[PDB]
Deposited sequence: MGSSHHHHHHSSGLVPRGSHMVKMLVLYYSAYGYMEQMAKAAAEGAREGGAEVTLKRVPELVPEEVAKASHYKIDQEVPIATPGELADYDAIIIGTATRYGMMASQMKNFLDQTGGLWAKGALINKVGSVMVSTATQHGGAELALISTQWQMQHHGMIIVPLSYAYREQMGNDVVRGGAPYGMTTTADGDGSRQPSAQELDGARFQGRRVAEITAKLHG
């Protein structure tokens, strides 16, 4: 039984629902799925000031634990065609995992929300830099087709990863 990390960042909750949909779908694929969220840079104070809606009970992920799983799904809010600062900051910390060859041949996939395509591509590229195998896409609040897409995607990744083990 393969283990999967559904790591995500959301600012307004949209991506979190996508992440949960992907995780639930991945469980249907027969994988031990873990839903974590990237740590918030900038202090706990003045963070929930103006705009905010981060979830509390989603556990925070560590840059080093990413080598423990067989498959990683990354979903992030994006602006102006690139990752949010929080997700970018987190992935740069996997420098010890990169040279070690830790994430080589591990299965990966990406979800994004709002420059959507450029953001999707930028994120996939960073995962490819760690030698990860990439599983492509589908083909206010998330629509029914988005949630189904994330769900299918999540199951498809779990289904592929198991086939590799």
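Of the deposited sequence, positions 1-20, 135-139, 165-192, 219 lack any modelled C-alpha atom.
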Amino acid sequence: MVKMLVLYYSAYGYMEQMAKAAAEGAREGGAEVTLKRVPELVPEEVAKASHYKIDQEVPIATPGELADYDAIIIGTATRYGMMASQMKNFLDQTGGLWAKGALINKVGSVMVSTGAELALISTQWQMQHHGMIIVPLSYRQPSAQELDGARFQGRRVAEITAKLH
From here on, numbers count along this sequence of modelled residues.
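For the two regions 49-57 and 117-125, the entry's Cα B-factors average higher over 49-57. The PDB entry records a higher mean C-alpha B factor for 37-45 than for its counterpart among 66-74 and 37-45. Remark: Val107 belongs to the lowest third of its chain, ranked by C-alpha B-factor as recorded. Per-chain ranking of the deposited C-alpha B factor places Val2 in the highest third. For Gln93, the recorded CA B-factor ranks within the middle third of the chain. Only modelled residues enter the ranking. When the CA B factors of the chain's modelled residues are split into thirds, the value for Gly30 lands in the highest one. Sort the modelled residues of the chain by CA B factor and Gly131 lands in the lowest third.
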